[PDB]
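Residue numbers (the numbering used here): 400 to 513.
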């Protein structure tokens, strides 16, 4: 496929898309990280859930605005700066081996009439 790319401003919020309406608190967990998806878990982890909610975070820059129990786990970065560009990884953890859903998301950050 094509992966998906998000265009956003600087000093402004941004939301990386990522769902899984197939979600279950009793079996699913999830993490966001900077960079392409590793072979296991997230690298430069920025957000982590436990099936029903956020359990860890890199800082109050990252947050999940949707509902974690309904698979709405789209990352929302708070103040954005040119440093946040790049590929991010959304990894929805499905148990067993080899079944996880990894999704790489690019993020371009531009300026306006400033």
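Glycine included, C-beta positions come from ideal geometry on N, C-alpha and C.
Which of helix, strand or coil DSSP assigns to residue i
i           : result
residue 407 : strand
residue 486 : strand
residue 426 : coil
residue 481 : helix
Beta bridge counterpart(s) of residue i as assigned by DSSP
i           : result
residue 474 : 415 and 463
Residue i versus residue j - alpha carbon distance
i           : j           : result
residue 418 : residue 432 : 15 Å
residue 478 : residue 421 : 31 Å
residue 415 : residue 494 : 24 Å
residue 501 : residue 487 : 10 Å
residue 440 : residue 489 : 10 Å
Contacting residues, own chain, Cβ-Cβ under 8 Å from residue i (five flanking each side not counted)
i           : result
residue 448 : 428, 429, 430, 454, 463, 467 and 472
Option in the options with minimal Cα separation from residue i
i           : options          : result
residue 408 : 484, 501 and 401 : 484
Own chain, CB closer than 6 Å to residue i, minus 5 neighbours either side, in chain order
i           : result
residue 424 : 450, 451 and 468
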